[PDB]
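K.L.:
Before I ask anything, here's the sequence and the deposited coordinates:
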Amino acid sequence: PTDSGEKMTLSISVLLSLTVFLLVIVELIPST
């Protein structure tokens with residue numbers, strides 16, 4: 001059930017924010 005890369009866009013919407021958040025983590029880690 002995919003109308004227009006809905007699952008795809010969801011995958012990005014999540015993983016992208018996850019990757020950004022992971023980035024943020026990597027930025028802060030060496031700070032703590």
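P.N.:
All right, it came through fine. Residues are numbered from 1 along each chain as shown.
K.L.:
what are the ranges of the helices in the chain?
P.N.:
6-28 (DSSP state H).
K.L.:
Any chance of the backbone angles for residue 4?
P.N.:
Backbone torsions for residue 4, taken as degrees, to the nearest 10, come to phi -160, psi 70.
K.L.:
Return the distance of it relative to residue 15.
P.N.:
Remark: distance between residue 4 and residue 15 (C-beta to C-beta, to the nearest Å) = 18 Å. Quick note: C-beta positions are derived from backbone N, CA and C, even for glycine.
K.L.:
between these two, which one's more packed in?
P.N.:
Under the criterion of other C-beta atoms under 10 Å, the comparison of residue 4 against residue 15 puts residue 15 first, with 11 against 6.
K.L.:
How much space separates the more buried one from residue 28?
P.N.:
Taken as C-beta to C-beta, the span from residue 15 to residue 28 is 20 Å.
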